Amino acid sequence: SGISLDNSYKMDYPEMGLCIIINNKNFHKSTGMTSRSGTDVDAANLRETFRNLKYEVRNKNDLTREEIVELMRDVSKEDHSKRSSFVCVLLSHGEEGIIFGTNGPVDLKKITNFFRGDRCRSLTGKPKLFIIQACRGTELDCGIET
């Protein structure tokens, strides 16, 4: 054929891929974490947005730290050969490097490690997108007037 370039990811496989949304609103009382009012508005906006981009969306609510790690493990063991990409959205409390389950924390590196190039082979070479709405510490930005 004619001249061909390779500067963009191939996105015309038969499926766009999975979009997993983890929405943690209510936490166990012993943790002392407050309820995250407004997060169901976020989860519904994301489901409609990624539906229109032709992602297979799966929504999960109020998961424990054990449930988050078992979900991520099982999803990374599916066959993604006919999928172009992978998307995961996390909505919860957090600190630097950490996201909370309803009963305690999960390191973010533990979650993304299931999708590494050597451990999820049907996603090797394909874009893996993690979107994170959570605190990363306790500093506040005072801004500057323009």
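Position 1 is the first residue in the sequence shown; the rest follow in order.
Student: Mean C-alpha B factor from the entry: is it higher for 60-68 or for 30-38?
Tutor: Per the deposited B-factors, the answer is 30-38.
Student: On mean Cα temperature factor in this entry, is 128-136 or 5-13 the higher one?
Tutor: The deposited B-factors put 5-13 ahead on the C-alpha mean.
Student: Highest recorded C-alpha temperature factor, please, choosing from 82, 47, 54, 93.
Tutor: That would be 82.
Student: For the chain shown, is the CA B-factor of residue 111 in the lowest, middle or highest third of its modelled residues?
Tutor: According to the entry, residue 111 has a C-alpha B-factor in the chain's highest third.
Student: Rank-wise, by C-alpha B-factor, drop residue 43 into the lowest, middle or highest third of its chain.
Tutor: It falls in the bottom third of the chain.
Student: Pull the Cα B-factor of residue 101 out of the PDB entry and bin it into the chain's lowest, middle or highest third.
Tutor: Its C-alpha B-factor belongs to the lowest third of this chain's values.
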